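Here's the structure we're looking at; comments come further down.
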Number of protein chains: 4
Amino acid sequence: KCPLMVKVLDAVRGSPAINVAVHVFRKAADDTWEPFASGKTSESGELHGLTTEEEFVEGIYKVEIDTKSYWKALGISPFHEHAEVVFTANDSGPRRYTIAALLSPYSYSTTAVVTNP
Amino acid sequence: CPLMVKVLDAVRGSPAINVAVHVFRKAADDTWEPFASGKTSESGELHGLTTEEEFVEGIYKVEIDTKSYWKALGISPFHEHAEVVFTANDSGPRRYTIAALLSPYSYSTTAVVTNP
Amino acid sequence: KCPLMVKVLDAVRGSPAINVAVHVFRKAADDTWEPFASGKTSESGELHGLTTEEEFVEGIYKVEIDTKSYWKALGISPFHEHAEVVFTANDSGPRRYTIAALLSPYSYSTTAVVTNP
Amino acid sequence: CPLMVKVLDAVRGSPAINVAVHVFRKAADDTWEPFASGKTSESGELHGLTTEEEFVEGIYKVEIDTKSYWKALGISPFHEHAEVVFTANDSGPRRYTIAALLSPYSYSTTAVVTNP
Ligand SMILES: Nc1nc(-c2cccc3cccnc23)c2cn[nH]c2n1
Ligand SMILES: Nc1nc(-c2cccc3cccnc23)c2cn[nH]c2n1
Ligand SMILES: [Ca+2]
Ligand SMILES: [Ca+2]
Ligand SMILES: [Ca+2]
Ligand SMILES: [Ca+2]
């Protein structure tokens with residue numbers, strides 16, 4: 001899957017970032033964050049299967065990538081608690097979203113690739 | 001001078017001017033308490049957010065309102081904002097600069113932590 | 001293919017960067033750049049098939065991504081002439097290299113993912 | 001002040017200090033003629049590369065010796081260097097800053113072009 005994919009790379013080692021926890025939240029009508037989906041990156045640094053076309057409705061989503069546990073498992077003390085990405089999804093109908101992240105101990109960058117299925 | 005934010009625009013090749021920035025500190029109940037805020041200057045910098053006495057160790061979030069910035073320029077943005085969350089640890093003397101580089105569908109952020 | 005792949009994304013549109021020309025050079029024994037391989041990114045922003053295991057020997061390689069023609073075709077006046085990446089390849093035996101690039105009109109970033117086949 | 005380079009280190013969270021920077025201009029035969037060079041300061045900045053009279057329109061390459069920088073820190077690097085190639089165009093008054101953010105297997109660069 002499918003409509004929402006996350007890909008994570010490590011800029012120190014030149015590798016996929018493997019076994020990174022990713023948590024997705026959706027803003028509820030009362031303005032709180034409701035848990036939506038979560039998972040871990042594979043050996044290729046990718047996380048497929050978060051959601052389905054049925055479940056992934058319009059809304060404001062937050063994707064939190066647990067960069068802190070990643071670095072700590074490699075024995076490194078990182079700066080950021082996580083890398084987040086917050087965006088409005090599916091406003092003009094369903095789209096496929098890939099959230100890509102590139103990690104360093106004191107920096108991260110993220111991009112979105114949005115395609116019309 | 002303990003906390004400074006600096007923002008650049010990767011589309012126009014310029015400082016990101018008049019961008020709203022809010023800083024929050026994580027409270028004991030895990031909620032975010034507003035801590036400081038301002039708007040970037042003509043140089044894309046925001047100085048004077050806090051003081052040495054106020055800025056204690058803890059977990060902080062710097063939220064940069066990128067969506068309003070892109071909309072004021074007529075450019076279509078992806079993200080609601082950019083949120084930068086980090087732990088401040090006392091080691092010896094430190095100044096923190098949070099630097100960010102903005103594009104419509106991407107952003108990057110780095111921390112520059114120096115000893116005055 | 002295979003040992004050398006290039007992937008290009010557009011940070012303005014949130015899309016793959018399609019039909020981007022990529023030229024690869026290898027440093028010759030006289031210290032000049034010898035043409036090595038070239039191609040164009042596909043609809044997915046990827047360029048496979050540049051080289052083969054046989055041809056891709058040790059050496060210092062330059063990958064030049066024609067970012068200027070990309071932007072000009074979209075009607076935009078960009079800053080950089082190209083995005084390059086220069087690196088020593090295969091020094092401790094064959095590796096697979098992915099050179100990924102993220103483009104904006106006044107900025108680019110690049111990362112390398114190196115895996116042991 | 002027409003050309004400045006500023007370099008940051010994404011691993012250590014610091015300015016990239018004592019990094020060698022060479023600038024070349026593209027010659028009529030398509031070769032690169034050395035034009036200016038220096039080493040970044042304690043702030044990671046390199047000022048005084050050129051003068052307004054010298055810096056004419058044309059195609060320039062800023063080569064940042066990232067490999068020597070990482071090796072002096074004991075960190076294993078991927079790239080030989082970082083080469084940043086751009087066209088300078090006269091529009092009205094302009095100052096150029098080439099900013100770069102370094103990691104061992106990645107770098108990014110942006111241009112900040114302002115009107116003094
Ligand atoms: N945020 C971010 N993600 C990427 C990036 C991450 C994962 C897969 C990709 C595939 C192609 C191009 N990019 C990536 C890259 C690469 N250079 N800079 C970047 N910045
Ligand atoms: N290429 C590049 N340069 C920067 C960057 C480098 C040097 C000084 C700056 C001052 C303000 C904002 N940015 C910078 C930053 C920061 N986050 N991501 C980046 N990417
Ligand atoms: Ca709608
Ligand atoms: Ca402390
Ligand atoms: Ca060898
Ligand atoms: Ca001109």
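Letters for chains follow the order of the structure tokens (A, B, ...), residue numbers begin at 1 for each chain, and ligand numbers begin at 1 in the order shown.
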
Closest atom pairs, chain D residues within 10 Å of ligand 1, only C-alpha atoms and all ligand atoms, as CSV:
residue,atom,partner,partner_atom_place_in_ligand_line,distance
D:106,CA,ligand 1,17 (N),7.2
D:107,CA,ligand 1,17 (N),8.0
D:108,CA,ligand 1,18 (N),7.5

Write a file of the just-selected residues containing N, CA and C atoms, as an mmCIF file, in the first residue's frame.
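Here's the written file selection13.cif:
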data_model
loop_
_atom_site.group_PDB
_atom_site.id
_atom_site.type_symbol
_atom_site.label_atom_id
_atom_site.label_comp_id
_atom_site.auth_asym_id
_atom_site.auth_seq_id
_atom_site.Cartn_x
_atom_site.Cartn_y
_atom_site.Cartn_z
ATOM 1 N N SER D 106 25.621 13.306 1.796
ATOM 2 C CA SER D 106 24.616 14.213 1.195
ATOM 3 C C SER D 106 25.109 15.588 1.388
ATOM 4 N N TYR D 107 24.793 16.459 0.411
ATOM 5 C CA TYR D 107 24.881 17.891 0.669
ATOM 6 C C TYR D 107 23.658 18.638 -0.067
ATOM 7 N N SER D 108 23.397 19.764 0.534
ATOM 8 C CA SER D 108 22.481 20.759 -0.149
ATOM 9 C C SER D 108 23.032 22.141 -0.187
#

Residues at most 7 Å from region 7-19 of chain D, counting only C-alpha atoms, excluding those fewer than 4 positions away in the same chain, as a CSV table (one decimal) with N, CA and C atoms, in the first residue's frame?
chain,number,residue,atom,x,y,z
A,104,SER,N,20.0,13.3,9.3
A,104,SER,CA,21.3,13.5,9.9
A,104,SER,C,21.0,13.8,11.4
A,105,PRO,N,22.2,13.7,12.2
A,105,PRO,CA,22.0,13.8,13.7
A,105,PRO,C,21.4,15.2,14.1
A,106,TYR,N,21.8,16.3,13.4
A,106,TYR,CA,21.3,17.7,13.7
A,106,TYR,C,20.4,18.3,12.6
A,107,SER,N,20.0,17.5,11.7
A,107,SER,CA,19.2,18.0,10.6
A,107,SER,C,18.3,17.0,10.0
B,110,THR,N,18.1,22.6,10.1
B,110,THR,CA,19.3,22.2,10.8
B,110,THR,C,19.4,23.0,12.0
B,111,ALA,N,20.2,22.5,13.0
B,111,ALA,CA,20.5,23.2,14.2
B,111,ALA,C,21.9,23.6,14.2
B,112,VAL,N,22.3,24.8,14.6
B,112,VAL,CA,23.6,25.2,14.8
B,112,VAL,C,23.7,25.6,16.3
B,113,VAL,N,24.5,24.8,17.0
B,113,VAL,CA,24.6,24.9,18.5
B,113,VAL,C,26.1,25.3,18.7
B,114,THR,N,26.3,26.5,19.2
B,114,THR,CA,27.7,27.1,19.4
B,114,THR,C,27.9,27.5,20.8
D,39,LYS,N,39.3,30.0,3.0
D,39,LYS,CA,38.9,29.0,4.0
D,39,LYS,C,37.9,29.7,4.9
D,40,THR,N,36.8,28.9,5.2
D,40,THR,CA,35.8,29.4,6.1
D,40,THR,C,36.3,29.7,7.5
D,41,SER,N,35.8,30.7,8.1
D,41,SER,CA,36.1,31.2,9.4
D,41,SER,C,35.4,30.4,10.5
D,42,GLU,N,35.6,30.8,11.8
D,42,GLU,CA,35.0,30.1,12.9
D,42,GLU,C,33.4,30.2,12.8
D,43,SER,N,32.9,31.1,12.1
D,43,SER,CA,31.5,31.2,11.9
D,43,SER,C,31.0,30.4,10.7
D,44,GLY,N,31.9,29.7,10.0
D,44,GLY,CA,31.6,29.0,8.8
D,44,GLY,C,31.4,29.8,7.5
D,45,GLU,N,31.8,31.1,7.6
D,45,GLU,CA,31.6,32.0,6.5
D,45,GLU,C,32.9,32.4,5.9
D,65,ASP,N,35.7,21.9,-0.5
D,65,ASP,CA,36.5,20.7,-0.3
D,65,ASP,C,35.9,19.9,0.9
D,69,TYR,N,37.5,18.3,4.8
D,69,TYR,CA,36.8,18.7,6.0
D,69,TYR,C,36.3,17.4,6.9
D,99,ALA,N,25.0,29.2,0.1
D,99,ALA,CA,24.9,28.5,1.4
D,99,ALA,C,24.9,27.0,1.2
D,100,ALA,N,25.6,26.3,2.0
D,100,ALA,CA,25.7,24.8,1.9
D,100,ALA,C,25.5,24.1,3.2
D,101,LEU,N,24.9,23.0,3.2
D,101,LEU,CA,24.7,22.2,4.4
D,101,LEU,C,25.2,20.8,4.1
D,102,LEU,N,26.2,20.4,4.9
D,102,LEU,CA,27.0,19.2,4.7
D,102,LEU,C,26.6,18.0,5.6
D,103,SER,N,26.5,16.8,5.0
D,103,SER,CA,26.5,15.6,5.7
D,103,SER,C,27.5,14.7,4.9

What are the nearest atom pairs, with distances in Å to one decimal, for all residues of chain A that come at most 7 Å from chain B, using only C-alpha atoms, set out by chain and rising residue number as a Markdown table?
| residue | atom | partner | partner_atom | distance |
| --- | --- | --- | --- | --- |
| A:79 | CA | B:86 | CA | 5.7 |
| A:80 | CA | B:86 | CA | 4.0 |
| A:81 | CA | B:86 | CA | 5.1 |
| A:82 | CA | B:85 | CA | 6.5 |
| A:84 | CA | B:83 | CA | 6.5 |
| A:86 | CA | B:80 | CA | 5.6 |
| A:87 | CA | B:79 | CA | 4.5 |
| A:106 | CA | B:111 | CA | 5.6 |
| A:107 | CA | B:110 | CA | 4.2 |
| A:108 | CA | B:108 | CA | 5.8 |
| A:109 | CA | B:108 | CA | 3.9 |
| A:110 | CA | B:106 | CA | 5.5 |
| A:111 | CA | B:106 | CA | 4.1 |
| A:112 | CA | B:105 | CA | 5.6 |

Tell me, as a PyMOL selection string, which residues lie within 10 Å of region 31-39 of chain A, counting only C-alpha atoms; anything in the same chain fewer than 3 positions away does not count.
chain A and resi 6+19-28+42+47-51+55-56+60-65

Residue list for chain A near chain C as a list in words, 10 Å, only C-alpha atoms:
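Residues passing the distance filter: residues 9, 10, 11, 12, 13, 14, 15, 16, 97, 98, 102, 109, 110, 111, 112, 113, 114 and 115 of chain A.
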
Using only N, CA and C atoms, please write the residues we just selected to a file, as a CSV table (one decimal), in the first residue's frame.
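The file below, out21.csv, is the result:
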chain,number,residue,atom,x,y,z
A,9,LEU,N,15.8,7.8,4.5
A,9,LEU,CA,17.2,7.6,4.2
A,9,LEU,C,18.1,8.2,5.3
A,10,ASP,N,19.3,7.6,5.4
A,10,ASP,CA,20.4,8.1,6.4
A,10,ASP,C,21.5,8.7,5.6
A,11,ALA,N,21.7,10.0,5.9
A,11,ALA,CA,22.7,10.8,5.2
A,11,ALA,C,24.1,10.7,5.8
A,12,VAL,N,24.3,10.0,6.9
A,12,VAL,CA,25.6,9.7,7.5
A,12,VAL,C,26.2,8.5,6.9
A,13,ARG,N,25.4,7.4,6.8
A,13,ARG,CA,25.9,6.2,6.4
A,13,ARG,C,25.6,5.9,4.9
A,14,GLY,N,24.8,6.7,4.3
A,14,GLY,CA,24.5,6.5,2.8
A,14,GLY,C,23.7,5.2,2.7
A,15,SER,N,22.6,5.1,3.4
A,15,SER,CA,21.8,3.9,3.5
A,15,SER,C,20.3,4.2,3.7
A,16,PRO,N,19.5,3.2,3.4
A,16,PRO,CA,18.2,3.3,3.9
A,16,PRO,C,18.2,3.3,5.4
A,97,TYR,N,0.4,9.7,-1.9
A,97,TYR,CA,1.3,10.5,-1.3
A,97,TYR,C,2.6,9.7,-0.9
A,98,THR,N,3.7,10.1,-1.3
A,98,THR,CA,5.0,9.6,-0.7
A,98,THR,C,5.6,10.6,0.1
A,102,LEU,N,15.1,12.6,4.8
A,102,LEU,CA,16.6,12.4,4.8
A,102,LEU,C,17.1,12.8,6.1
A,109,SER,N,15.5,16.7,6.3
A,109,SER,CA,14.7,17.3,5.3
A,109,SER,C,13.6,16.3,4.8
A,110,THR,N,12.5,16.9,4.4
A,110,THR,CA,11.4,16.0,3.9
A,110,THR,C,10.8,16.6,2.6
A,111,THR,N,10.4,15.7,1.7
A,111,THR,CA,9.7,16.1,0.5
A,111,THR,C,8.5,15.3,0.4
A,112,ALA,N,7.5,15.8,-0.4
A,112,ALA,CA,6.3,15.1,-0.7
A,112,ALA,C,6.2,14.9,-2.2
A,113,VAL,N,5.9,13.7,-2.6
A,113,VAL,CA,5.6,13.4,-4.0
A,113,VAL,C,4.1,13.0,-4.1
A,114,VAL,N,3.3,13.7,-4.8
A,114,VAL,CA,1.8,13.5,-4.9
A,114,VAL,C,1.5,13.2,-6.3
A,115,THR,N,0.9,12.1,-6.5
A,115,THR,CA,0.5,11.6,-7.8
A,115,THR,C,-1.0,11.3,-7.9

Ligand 5 neighbours within 8 Å using only C-alpha atoms and all ligand atoms, as a list in words
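Final answer, ordered by chain and number: residues 58, 90, 91, 92 and 93 of chain C.
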
Could you check which of B:21, B:56, B:49, B:28 is closest to ligand 4, using only C-alpha atoms and all ligand atoms?
B:56

When the cut-off is 7 Å and you count only C-alpha atoms and all ligand atoms, which residues lie near ligand 4, shown as a list in words?
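Here is the list of contacting residues: residues 57, 89, 90 and 91 of chain B.
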
Output file for the residues above (N, CA, C and O atoms, as a PDB file, in the first residue's frame):
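The resulting again15.pdb:
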ATOM      1  N   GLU B  57      16.499  23.916  30.049  1.00  0.00           N
ATOM      2  CA  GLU B  57      16.460  22.594  29.433  1.00  0.00           C
ATOM      3  C   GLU B  57      15.031  22.101  29.298  1.00  0.00           C
ATOM      4  O   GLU B  57      14.190  22.399  30.124  1.00  0.00           O
ATOM      5  N   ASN B  89      19.707  20.700  25.859  1.00  0.00           N
ATOM      6  CA  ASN B  89      20.460  20.164  26.990  1.00  0.00           C
ATOM      7  C   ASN B  89      21.575  21.144  27.381  1.00  0.00           C
ATOM      8  O   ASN B  89      22.219  21.744  26.578  1.00  0.00           O
ATOM      9  N   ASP B  90      21.718  21.349  28.685  1.00  0.00           N
ATOM     10  CA  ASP B  90      22.710  22.238  29.226  1.00  0.00           C
ATOM     11  C   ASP B  90      24.077  21.487  29.198  1.00  0.00           C
ATOM     12  O   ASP B  90      24.144  20.438  29.600  1.00  0.00           O
ATOM     13  N   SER B  91      25.055  21.997  28.532  1.00  0.00           N
ATOM     14  CA  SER B  91      26.338  21.242  28.555  1.00  0.00           C
ATOM     15  C   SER B  91      27.497  22.050  29.094  1.00  0.00           C
ATOM     16  O   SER B  91      28.309  21.641  29.935  1.00  0.00           O
TER      17      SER B  91
END

Which one of D:30, D:22, D:94, D:66 sits closest to chain B if you count only C-alpha atoms?
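Once distances to chain B are computed over only C-alpha atoms, the minimum belongs to D:94.
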
Can you list, as a short mmCIF file (atom, residue, chain, number, x, y, z; two decimals) with N, CA and C atoms, in the first residue's frame, every residue of region 25-97 of chain B that DSSP puts in helix (DSSP H, G or I)?
data_model
loop_
_atom_site.label_atom_id
_atom_site.label_comp_id
_atom_site.auth_asym_id
_atom_site.auth_seq_id
_atom_site.Cartn_x
_atom_site.Cartn_y
_atom_site.Cartn_z
N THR B 66 4.68 28.26 7.21
CA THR B 66 5.05 28.20 5.83
C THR B 66 3.84 28.36 4.90
N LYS B 67 2.70 27.85 5.31
CA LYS B 67 1.52 27.95 4.46
C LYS B 67 1.13 29.40 4.21
N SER B 68 1.08 30.22 5.23
CA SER B 68 0.76 31.65 5.03
C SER B 68 1.82 32.35 4.23
N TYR B 69 3.09 32.01 4.39
CA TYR B 69 4.18 32.58 3.62
C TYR B 69 4.03 32.32 2.12
N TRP B 70 3.78 31.10 1.72
CA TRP B 70 3.63 30.76 0.33
C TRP B 70 2.39 31.40 -0.21
N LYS B 71 1.29 31.39 0.53
CA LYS B 71 0.07 32.03 0.04
C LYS B 71 0.26 33.51 -0.17
N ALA B 72 1.04 34.20 0.64
CA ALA B 72 1.22 35.64 0.45
C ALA B 72 2.04 35.89 -0.80
N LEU B 73 2.81 34.93 -1.30
CA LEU B 73 3.56 35.03 -2.51
C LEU B 73 2.84 34.51 -3.74
#

Using DSSP secondary structure from the backbone, list all strand (DSSP E or B) positions within chain B, as a ChimeraX atom specification.
/B:3-9,14-15,20-26,32-39,45-46,58-64,79-88,95-103,106-114
